[PDB]
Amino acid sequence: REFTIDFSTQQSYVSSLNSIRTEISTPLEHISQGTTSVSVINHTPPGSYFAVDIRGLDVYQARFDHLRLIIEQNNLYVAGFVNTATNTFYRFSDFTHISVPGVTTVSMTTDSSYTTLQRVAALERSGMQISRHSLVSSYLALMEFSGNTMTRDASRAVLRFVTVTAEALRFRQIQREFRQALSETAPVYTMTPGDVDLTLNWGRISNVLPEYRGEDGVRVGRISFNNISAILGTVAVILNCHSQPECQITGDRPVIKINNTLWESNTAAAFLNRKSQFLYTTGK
């Protein structure tokens, strides 16, 4: 399955993301308005991927058009990137189970964790700037890349492209904040600590939201939603937790309802595991 993400305008970009979501996921019964929902990725066999062709970096122009991302379908991870001009798939070391026919697969030494990518890139995501201009720069870096080990510029390019494709697919919040950079003003998107925290809590969020039944709030670690509009404004696609390993940290209880708020059980457990404070502090 192949989809285009077209960066020409905010319209073309959001349309692209919405079409992907519609094809690969199904709305939650209880978090859906119109055709805008939190949706659960439909089950695919392990190893299944879809391709994303990057378009519209130069508005409405058929240039800068040789970059494709390979996305593992069940978890939306970028498995690597394809230079369609050289017919080469540069694949991260944690995706040797992703096989793409027809391309030359270059198996990289670099893994795709944000820890690794930020290190190699010498670029932290908190505060990282993304503009149309730096997406073009990212595209050029990825097209110039060769070899089995990511360089700094290739890693920076992957950080930016993953944010505006896969992470925006997951989070309507990131879609909404980044898309302003596509406008004629050409402003800069700066990814916030809150954006980063969302991405880091995706698995936990995915385990909790299927249990939502209209509670006044949702609390998942550092993440809080106070109403359905906050949920819908923030989250668009979650893992299928029925199942995926990212759904579970420990224990087997997704949620606890406390005072009309749906808590991730592990969050409550993590502040209800303290003994008597006087005994704690004096028992050194």
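Residue numbers here begin at 1 and follow the sequence given.
Trainee: Could you find out if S229 - modelled in this structure - is missing from at least a third of the other PDB entries compared that contain residues on either side?
Mentor: Comparison shows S229 kept in all of the other entries.
Trainee: Decide, for the other PDB entries of this protein that were compared, whether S37 is missing from at least a third of their models.
Mentor: No, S37 is modelled in every one of the other compared entries that cover both of its flanks.
Trainee: Enter the number of deposited residues without atomic coordinates between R63 and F64, binned as none, 1 to 3, 4 to 9, or 10 or more.
Mentor: Missing residues, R63 to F64: none.
Trainee: Would you mind comparing 42 to 50 and 25 to 33 for me and telling me which has the higher average C-alpha temperature factor in the entry?
Mentor: According to the PDB entry, the answer is 42 to 50.
Trainee: Would 167 to 175 or 145 to 153 have the larger average of its C-alpha temperature factors, as given in the entry?
Mentor: For C-alpha atoms only, the mean B-factor is higher in 145 to 153.
Trainee: Out of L159, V196, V100, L209, whose C-alpha atom has the biggest B factor in the entry?
Mentor: If I rank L159, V196, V100, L209 by C-alpha B-factor, first place goes to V100.
Trainee: Could you check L140, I71, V120, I205 and tell me which one carries the biggest Cα B-factor in the deposited entry?
Mentor: Out of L140, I71, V120, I205, the record gives the largest C-alpha B-factor to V120.
Trainee: Is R55 in the lowest, middle or highest third of its chain when residues are ranked by C-alpha B-factor?
Mentor: CA B-factor rank for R55: middle third.
Trainee: Tell me, lowest, middle or highest third: where does the Cα B factor of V78 rank within its chain?
Mentor: Within its chain, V78 is a lowest-third residue by C-alpha B-factor, going by the deposited values.
Trainee: Using the B-factor values recorded in the entry, state whether the Cα atom of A230 falls in the lowest, middle or highest third among the modelled residues of its chain.
Mentor: For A230, the deposited C-alpha B-factor lands in the middle third.
Trainee: Test of reading the entry: by CA B factor among the chain's modelled residues, which third contains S12?
Mentor: CA B-factor rank for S12: middle third.
Trainee: Using the B-factors in the PDB entry, rank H242's C-alpha atom against the chain and give the third, lowest, middle or highest.
Mentor: As the PDB entry reports it, the C-alpha B-factor of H242 lands in the highest third of its chain.
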